[PDB]
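For reference, the structure is listed below as structure tokens.
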Amino acid sequence: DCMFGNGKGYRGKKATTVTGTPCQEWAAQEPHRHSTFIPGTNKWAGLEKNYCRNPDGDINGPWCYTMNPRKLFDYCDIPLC
Ligand SMILES: O=C(O)c1cn(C2CC2)c2cc(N3CCNCC3)c(F)cc2c1=O
């Protein structure tokens with residue numbers, strides 16, 4: 001699928017970053033601990049499995065926590081609608 005504007009409403013199944021790195025699941029706390037952007041308390045941003053999302057409305061578009069233990073997050077690569 002494509003993304004509208006900055007992709008805040010994107011609900012597709014892309015689950016890798018721009019470089020191909022697998023995404024970490026939003027509910028997971030490994031390999032990266034995070035107190036923010038958890039599905040338990042954010043019920044409105046579609047924080048589902050390990051899919052690319054944009055809960056903070058970054059102009060750069062949808063992103064995910066990465067499975068690389070050194071690198072916290074990266075943007076994904078989804079075309080503009
Ligand atoms: O406290 C935390 O766990 C985090 C706090 N922040 C904000 C900076 C204070 C984050 C910001 C991130 N970026 C997402 C993409 N748009 C820019 C901000 C991010 F990927 C993760 C976190 C955290 O885990």
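A quick note on method: Cβ atoms are made from the backbone with ideal geometry, for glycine too, and the neighbour counts reach across all protein chains shown. Derivation of every value follows stated rules applied to the coordinates shown; laboratory data play no part.
Kindly put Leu47, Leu80 in sequence by how many other C-beta atoms sit within 10 Å of each C-beta, fewest to most.
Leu80, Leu47
Check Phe73: other-chain or 5+ apart residues with amide H under 5 Å from its amide H, H built from backbone geometry?
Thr66
What list of ³J(HN,Hα) values in whole Hz, one per residue of segment 38-49 in order, does the Karplus curve 6.51 cos²θ - 1.76 cosθ + 1.60 (θ = phi - 60°) give from phi, with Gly and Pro shown as x?
10, x, x, 10, 9, 9, 10, 9, x, 6, 10, 6
So for the chain, taking the charge dipole from beta-carbon charges (+1 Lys/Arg, -1 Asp/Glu), which of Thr41, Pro79, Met67 sits furthest toward the positive end?
Ranked along the dipole, the leading option is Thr41.
With +1 assigned to the C-beta of every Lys and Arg and -1 to the C-beta of every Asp and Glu, and no other charges, what is the dipole magnitude of the chain about the Cα centre in debye, to the nearest 20?
Once rounded to the nearest 20, the dipole reads 120 debye.
Can you list, bin by bin at 5 Å, the percent of alpha carbon pairs in the chain, starting at 0?
Calculated over all Cα pairs of the chain, the distribution is 3, 18, 28, 28, 16, 6, 1 percent.
What is the distance, in nm, between label points placed 7 Å from the Cα along the Cα-to-Cβ direction at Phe73 and at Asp56?
Roughly 0.4 nm, to one decimal.
I need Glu48, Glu25, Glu30 ordered by Cβ neighbour count within 10 Å, fewest first.
The order, fewest Cβ neighbours first, is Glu30, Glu48, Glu25.
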